[PDB]
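Read off the chains here:
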Amino acid sequence: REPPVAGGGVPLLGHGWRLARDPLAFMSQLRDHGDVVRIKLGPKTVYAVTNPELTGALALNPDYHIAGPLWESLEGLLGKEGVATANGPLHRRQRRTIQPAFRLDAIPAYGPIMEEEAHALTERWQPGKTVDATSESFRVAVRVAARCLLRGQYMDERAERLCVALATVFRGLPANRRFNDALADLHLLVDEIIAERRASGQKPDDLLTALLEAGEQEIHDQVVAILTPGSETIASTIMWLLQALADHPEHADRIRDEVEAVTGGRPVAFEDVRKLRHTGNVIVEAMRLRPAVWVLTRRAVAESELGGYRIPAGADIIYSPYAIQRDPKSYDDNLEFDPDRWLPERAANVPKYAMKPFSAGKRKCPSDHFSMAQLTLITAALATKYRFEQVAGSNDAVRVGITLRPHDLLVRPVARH
Ligand code: HEM
Ligand SMILES: CC1=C2CC[C@H](C)[C@]23CC[C@@H](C3)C1(C)C
Ligand SMILES: CC1=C2CC[C@H](C)[C@]23CC[C@@H](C3)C1(C)C
């Protein structure tokens, strides 16, 4: 048993500084300091795990509750700020309720709405007019998510707006003015929306009905908790996908050939996605280099041992899938965009947990199936009808926030055939 090694920072704010000047680099640097190192952001210490294996151990071990200190500092506030009181403490139990709505079985029924949201974009974006990625990706997001996870009365541009005016408050404890007119409205709306399905919610397999079949304000809190993160994430995701279709014409058109073969001409549909291999490979390779979620935290319940190191109980640990997915030691062409490094042969070349956009423990992403489905749909629909090109002056330099998104990605759909 050996306690972790330290890294290197300043007085009152140890690593709290290097991290400040550039988080993403600090996560990657930390990789060589030891399999698990200790770092100090000011007075308190956290532990970082920089090895795929230990990070998988880390997720697959039920001994790590997720108060995760530089997450629950906001989650204690998310107890008013967002989600509401908590988020998956223990028991879970009253939380398997969610699985039935996100399983591989309940996604093909969302398929139509998914197809519909995609092709719609397709007529929405027209060649020549640059697409505003931040405002627009954030939209198909809401729409898809809300529209499949709830059905009937449309929250259309109303839900979007609020979350928008919302998401922007985070970048640059809670806030000042219009973030207000958006919040109450976000809650005003979610409630109003629970009230309505109460009418005739028969077959609705979505999350709302299953959530109406398991607390009074506990439902108004679990939707606002599932809909919130999952949207900004499927969004940031979309964003990097746009940069992808615009940055590697090759695969973009390659993605258009794959779609035509299988689809023939008919607009892409859930059945097809399950066929479009290259379409998903693109989506994955992109998510590896530019994930939306780049750090993940936990809070040990019991004094642990990891990679032979002693993890003090009650401790607070942190890891970076960002870094992991971009670790040389884990990948050959470390920074090379290559949708084909996911080819069966090279695929096994890559460590077990060196690529898991979502995680493995019960703190996993219920929409793994749900996401890739709408993303693959959305990737295929766009690449097929267009070809994306990035407006000069476009700013695709990363902005490190809740998730990793492009400060100002500007692209123009061009007409393909
Ligand atoms: C852009 C694709 C997505 C990625 C990469 C992703 C990733 C993740 C990760 C890494 C976690 C939690 C890991 C942890 O703390 O242990 C998570 C949790 C979660 N995600 Fe996603 N997600 C995506 C899309 C979505 C969507 C579309 C929804 C639903 C609208 C969603 C809903 C959730 C929920 C409710 C949780 C909390 C799980 C828990 O309490 O353990 N996610 N996601
Ligand atoms: C201030 C901040 C954080 C608090 C800890 C949490 C992991 C993070 C680490 C860097 C990200 C997320 C930002 C900049 C949003
Ligand atoms: C994956 C993820 C989340 C799951 C829900 C939780 C509130 C969040 C919402 C966005 C933040 C925290 C990140 C991106 C780390």
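Residues numbered from 1 in each chain as written, not as in the entry; some residues may be left out. Chains lettered and ligands numbered in written order. Heavy atoms only, no water. Residues with missing side-chain atoms left out of burial classes, pairs and counts.

- The deposited coordinates, according to the entry record, derive from X-ray crystallography at 3.3 Å resolution.

**Focus: the site of ligand 2**
Next, step 1: Around ligand 2 sit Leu70, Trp294 and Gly401, and those are all the residues in its vicinity.
Next, step 2: For ligand 2, whose free accessible area comes to 360 Å², the fraction covered by protein is 55%. (Near = heavy atom within 4 Å. Areas by Shrake-Rupley, 256 points an atom, 1.4 Å probe, with all protein chains shown as cover.)

**Some details on the packing of helix α11 (residues 219-247) against helix α12 (residues 249-263)**
Next, step 1: Two elements in contact, α11 and α12, have axes separated by 5 Å at closest approach and are oriented at 95 degrees. With respect to α12, the element α11 is oriented roughly perpendicular. Two secondary-structure elements touch here, α11 through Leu245, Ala246 and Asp247 and α12 through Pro249, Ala252 and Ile255.
Next, step 2: Along the lines of polarity and charge, the residues of the contact of α11 with α12 split into 5 nonpolar, no polar and 1 charged. (Axes fitted to C-alpha atoms, helices over the stretch in contact; angles between N-to-C directions. Helix = DSSP H or I, 4+ residues; strand = E, 2+ residues; numbered from the N terminus. Parallel < 35°, antiparallel > 145°, perpendicular 65-115°, else oblique. Contact = heavy atoms within 4.5 Å. Nonpolar A, V, L, I, M, F, W, Y, C, P; charged D, E, K, R; others polar.)

**A word on the packing of helix α6 (residues 111-124) against helix α17 (residues 368-385)**
Next, step 1: The contact between α6 and α17 brings their axes to 9 Å, and the two run at 30 degrees. Remark: the crossing between α6 and α17 carries right-handed chirality. Residues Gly111, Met114, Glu115, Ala118, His119, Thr122 and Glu123 of α6 form the contact with α17, whose own contacting residues are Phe370, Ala373, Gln374, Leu377, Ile378, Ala381, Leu382 and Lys385.
Next, step 2: The residue makeup of the contact of α6 with α17, split by class, is 8 nonpolar, 4 polar and 3 charged. (Left-handed = near helix turned anticlockwise from the far one by under 90°.)

**Remarks on the pattern of salt bridges**
Next, step 1: Going through the model one piece at a time under the given rule, you end up with 21 salt bridges.
Next, step 2: A salt bridge links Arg256 to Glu260; the nearest nitrogen and oxygen atoms lie 3.6 Å apart. In this pair, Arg256 and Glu260 both sit in helix α12, 4 residues apart, roughly one turn of the helix.
Next, step 3: Salt-bridge contacts for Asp338 lead to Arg346; the nearest nitrogen and oxygen are separated by 2.9 Å. (Salt bridge = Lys/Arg side-chain N within 4 Å of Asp/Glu carboxyl O.)

**A word on the site of ligand 3**
Next, step 1: What surrounds ligand 3 is the set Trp71, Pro229, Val293, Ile402 and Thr403.
Next, step 2: Coverage of ligand 3 by the protein chains reaches 69% of its 360 Å² of free accessible surface.

**Some remarks on the packing of aromatic side chains**
The geometry of an aromatic ring pair is captured by the separation of the ring centres together with the interplanar angle, meaning the angle of the planes.
Next, step 1: Summed over all chains, the structure comprises 6 aromatic pairs.
Next, step 2: With a centroid separation of 5.8 Å and an interplanar angle of 65 degrees, the aromatic rings of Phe102 and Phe370 are classed as edge-to-face.
Next, step 3: A relative accessible area of 5% places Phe370 in the buried class.
Next, step 4: Relative to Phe370, the ring of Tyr110 has its centre 5.7 Å away and its plane inclined at 75 degrees; by these criteria the two rings are edge-to-face.
Next, step 5: Residue classification places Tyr110 among the buried positions, given a relative accessible area of 1%. (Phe/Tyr/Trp six-rings, centres within 6.5 Å; stacked < 30°, edge-to-face > 60°. Buried < 20%, exposed > 50% of the residue type's maximum accessible area, 1.4 Å probe, protein only.)

**Remarks on helix α8 (residues 156-171)**
Next, step 1: In a regular helix each residue adds 1.5 Å, so 16 residues correspond to 22 Å; α8 covers 24 Å between its end C-alpha atoms and thus fits that length.
Next, step 2: Within α8, the full set of buried residues consists of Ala159, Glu160, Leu162, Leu166 and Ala167.
Next, step 3: If you follow the buried residues of α8, they end up packed against α7 (133-149), α9 (178-197) and α11. (Expected span 1.5 Å × (residues − 1).)

**Here we look at the coordination of the iron atom of ligand 1**
Next, step 1: Looking at the iron atom of ligand 1, one finds just one donor atom contributed by the protein, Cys365 (SG), at 2.4 Å.
Next, step 2: Tracing the backbone through its elements, the reader meets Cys365 in the loop between α16 (344-347) and α17. (Donors = N, O, S within 2.8 Å, 3.2 Å for Na, K, Ca; no water.)

**Looking at the layout of surface pockets**
Next, step 1: Roughly 540 Å³ of internal volume is contained in the second largest pocket.
Next, step 2: Lining of the second largest pocket is provided by 24 residues; of these, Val284, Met287, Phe358, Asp368 and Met372 occupy positions nearest its centre.
Next, step 3: Among the secondary structure elements, those contributing two or more residues to the lining of the second largest pocket are α14 (277-289) and α17.
Next, step 4: Counting residues per element, the lining of the second largest pocket draws most heavily on α17, at 5 residues.
Next, step 5: Considered class by class, the residues forming the lining of the second largest pocket number 13 nonpolar, 4 polar and 7 charged. (1 Å grid on protein atoms, 1.4 Å probe; cavity = no way out; pocket = protein on both sides within 12 Å on 5 of 7 lines; lining within 4 Å. Points joined across faces, edges and corners; volume = space filled by probe spheres on them.)

**Points about the side chain of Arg405**
Next, step 1: Looking at the element boundaries, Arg405 is found in strand β12 (residues 404-408).
Next, step 2: One buried charge, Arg405, has no salt-bridge partner; the nearest side chain with opposite charge is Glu232, at 4.0 Å.
Next, step 3: Setting aside its immediate chain neighbours within four residues, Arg405 contacts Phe138, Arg171, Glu232, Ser236, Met239, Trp240, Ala397, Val398 and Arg399. (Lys, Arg positive; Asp, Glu negative; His and termini not counted.)

**A closer look at empty space enclosed by the protein**
Where empty space is left in the structure can be found by rolling a water-sized probe over the atoms.
Next, step 1: Here the largest cavity is characterised by a volume of approximately 110 Å³.
Next, step 2: Around the largest cavity sit 14 residues that line it, and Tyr319, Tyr353, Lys356, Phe358 and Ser359 are the ones nearest its centre.
Next, step 3: At the level of elements, α3 (52-60) and α15 (321-325) are the ones that each hand at least two residues to the lining of the largest cavity.
Next, step 4: Looking at the lining of the largest cavity residue by residue, the class counts come to 9 nonpolar, 4 polar and 1 charged.
Next, step 5: Lining the second largest cavity are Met27, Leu30, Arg31, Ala48, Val49, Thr50, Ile318, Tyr319, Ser320, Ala323 and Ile324.
Next, step 6: Contributing elements (two or more residues each) for the lining of the second largest cavity: β3 (44-49), β9 (316-319) and α15.
Next, step 7: By residue class, the composition of the lining of the second largest cavity is 8 nonpolar, 2 polar and 1 charged.

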